[PDB]
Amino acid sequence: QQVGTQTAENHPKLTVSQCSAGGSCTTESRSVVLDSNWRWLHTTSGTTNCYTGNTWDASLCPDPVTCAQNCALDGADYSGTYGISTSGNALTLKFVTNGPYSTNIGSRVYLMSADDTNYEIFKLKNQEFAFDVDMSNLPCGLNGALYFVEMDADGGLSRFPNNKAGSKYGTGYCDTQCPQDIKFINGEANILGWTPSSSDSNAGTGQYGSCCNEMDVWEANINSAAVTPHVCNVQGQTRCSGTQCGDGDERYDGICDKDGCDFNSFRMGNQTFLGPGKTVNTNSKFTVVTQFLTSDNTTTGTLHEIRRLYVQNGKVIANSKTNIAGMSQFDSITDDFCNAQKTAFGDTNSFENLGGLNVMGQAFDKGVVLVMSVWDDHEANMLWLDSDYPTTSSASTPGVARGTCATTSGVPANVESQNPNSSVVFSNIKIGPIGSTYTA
């Protein structure tokens, strides 16, 4: 994709922190960028859209390469068009942003580095990541996500000749769902066999998907939360097609683990731990601390454990323990835990099959990009996060019940109509050595 020059691109500023052993943190000038899929896409000018709604202009895009060559991503009106705003160290992502001719649903942004051109690269092994979240405005069917993906620092600028836009315009997204809704993958328009969605006027899918390792630190709404590593048998952002994308029917055939090895306190058998008025009280702001422990506690150790702590109202809250029949007590993610839970829940252990935490830590060594988003789920209505899933399964079968939301909740059309003013606020982002990001 080329660079559109109709509208200046200015990344909303966001202050984050870097912490040292002992607890001293310093502030850092960073910013956020909107994912390229949301952007206006058009010719150099004479200005005609290359894409609108869920269809392409076939004259400008007769093939993937010509399309990338002809088509330019433009600047974004962050607050007024996309409902994205920042104040100090806080990012607000609004769910539905109405306009005269269209409605914007959700958003996805990436944290920019100090240079405001390339994405910030995080090296998470032997490190701790903290942030504060307010989910009071995220009901059933919504997801305020903070996570990491193995994107290129330049979003594909240097790798792909016909990507001339790069990270400044939020290109190069990938994750373990290997999304095929992505418009540009590998500097080529994803138009081969393009199918406009019959149930979503904003989305289509092409032949290709964009896959990479993903650490889901936080997928949550007021009701429930999950922390979930996912791995792939490929290194970095990789284009897939056919069975490798593991689309729908061939979910467990592809190159990435779509389910991931998840820790949802409610799913792991503690229904009183997290939610409105619970131990971690989702009616108010709280801190989420995530520690990435290695085998020998060095930066070259194998990633061996992912621990979680919360901090609310000045109190440090230890993660809940698993409470599943036949299953041992774990309060953290280890390869051992992953084997145990996939077995206990009768799930395909793709996480371990594709190399488990070792492979995840190797992604961390290469480097990962920080993603923040708000979204609804056109695939499974967010039921996997906050309800009973599969809906056809017994609600008392271990692993089925993930939250208190109704199996009829989270239909996109319904939540967009009924809960348009939903929002998530992520704030006070911190990175440093284990034990440095929070006060005991």
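From 1 onward, residues are counted along the sequence shown.
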Entry-level comparison of average CA B-factors, 201 to 209 and 262 to 270, reporting the higher stretch:
201 to 209
Quick one: say whether 39 to 47 or 59 to 67 has the higher mean Cα B-factor in the deposited entry.
39 to 47
Identity of residue with top Cα B-factor, from 385, 413, 32, 372
413
The largest CA temperature factor among 72, 138, 146, 359 is found at 138
Based on the entry's values, in what third of the chain does the Cα temperature factor of residue 278 lie: lowest, middle or highest?
middle
Rank-wise, by C-alpha B-factor, drop residue 421 into the lowest, middle or highest third of its chain.
highest
Chain-wide C-alpha B factor ranking for residue 439, given as lowest, middle or highest third
highest
Sorting the chain's modelled residues by C-alpha B-factor and splitting them into thirds places residue 23 in the highest
Test of reading the entry: by CA B factor among the chain's modelled residues, which third contains residue 238?
lowest
